[PDB]
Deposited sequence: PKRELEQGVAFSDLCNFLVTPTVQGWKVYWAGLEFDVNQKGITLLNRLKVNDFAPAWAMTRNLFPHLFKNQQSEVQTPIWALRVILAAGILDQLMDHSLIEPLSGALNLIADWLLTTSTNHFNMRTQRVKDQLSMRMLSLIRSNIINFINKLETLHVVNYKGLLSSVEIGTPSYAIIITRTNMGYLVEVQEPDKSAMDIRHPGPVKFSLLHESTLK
């Protein structure tokens, strides 16, 4: 049955965040997209917590917590979905949430409605959103003294995402919707994804 095949492939590709260890780090395969995530930049972030004074809310703040590079990738995927989002966006939003607020490799479709939504079209729309987003990110300039764009922000009721281009990769942060971390020393989660990962 055509619907059956279609939904079989969409379910498989959207509900399984596939991670495979490699020599340099990790291969991630999700939604038919492939990423090489390496462990570079990892140690540097621990060590920091000039740049240190630029992002005091991350480095000079006992409420900031460094995450894994895979977490950073997942934040980038969710952001990619949400950025155009701002049809059934219910399913999209669920997916983005799963990606960003959890570390599980499988997406439990709770409702049957959600399951019904999983289709070639949904796969297609998600892939296109994420690719568009990645292209946008690649247009960011490194942090600079002229007025050239270096950050994008994706704000939602539940959380605020901020992604910044620096000489060491994309700095990926999630703060509370209000931006309590920016006083004040509100909580914030963050990491670094090397440039190579998005190419």
Note to self, deposited ranges with zero CA coordinates are 50 to 58, 96 to 101, 198 to 199
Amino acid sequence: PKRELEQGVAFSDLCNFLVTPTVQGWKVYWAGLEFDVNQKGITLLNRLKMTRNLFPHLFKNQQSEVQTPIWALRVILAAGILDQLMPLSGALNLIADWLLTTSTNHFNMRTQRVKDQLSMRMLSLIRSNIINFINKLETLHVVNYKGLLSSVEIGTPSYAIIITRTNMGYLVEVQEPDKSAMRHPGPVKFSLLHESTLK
From here on, numbers count along this sequence of modelled residues.
Going by the mean C-alpha B-factor recorded in the entry, which is higher: 154 to 162 or 141 to 149?
154 to 162
Of 75 to 83 and 88 to 96, the one with larger mean CA B-factor
88 to 96
Whose CA atom has the top B-factor in the entry, of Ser128, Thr111, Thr101, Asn105?
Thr111
Hey, what third does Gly186 fall into on Cα B-factor, ranked over its chain?
highest
Just say lowest, middle or highest third for the CA B-factor of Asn135 relative to the other modelled residues in its chain.
lowest
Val23: CA B-factor among chain residues, third -> highest
Check where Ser196 lands among this chain's C-alpha B-factors and tell me if it's the lowest, middle or highest third.
middle
Please rank the C-alpha B-factors of the chain's modelled residues and tell me whether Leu171 sits in the lowest, middle or highest third.
lowest
